[PDB]
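The chain below stands alone and is given as structure tokens, in the form deposited in one PDB entry.
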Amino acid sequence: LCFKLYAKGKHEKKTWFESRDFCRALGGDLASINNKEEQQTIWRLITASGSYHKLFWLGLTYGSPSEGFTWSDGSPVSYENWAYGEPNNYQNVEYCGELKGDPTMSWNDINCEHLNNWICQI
């Protein structure tokens, strides 16, 4: 699968659901990061674009209470790269996952209605 960053204007950021709909409209989905190689591919997209210091929606979304986090594309949640202390469901409203687009490439759970950049896979 091919990944593509979407870090548009400051008023072009999207909720998790709007970002998923955008990627699905292209025939793909929000990106799942399934291993270190896919993580490095995305990091290199960030360096190539110069889109540093940005947060991006990934396909991480909470399933049932039993399952916890899932990938929107159905991939197994095997590889994980949560930031230390995450996921923390801060204030009980954080059911989607974002990438901090810095060298750590770490994940954080946040409120799905937050406006973020996003990464598609196609």
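Heads up: residue numbers just count along the shown sequence, starting at 1. Rigid core: the largest C-alpha set superposing within 1.5 Å between the two forms. Shifts are known only where both forms have a C-alpha.
Form deposited in another entry: not shown, discussed below.
With the rigid core aligned between this form and the one not shown, only one of 49, 41, 34, 81 has a CA shift of 2 Å or more: 81. Legend note: Cα of residue 89 to Cα of residue 12 is at least 3 Å farther in that other deposited form than in the depicted form. By 3 Å or more, the C-alpha separation between residue 114 and residue 74 grows in that other deposited form relative to the form shown here. Legend: core-fitted overlay between this form and the one not shown; highlighted is 68 to 94, the single run of at least 3 consecutive residues with CA shifts of 2 angstroms or more.
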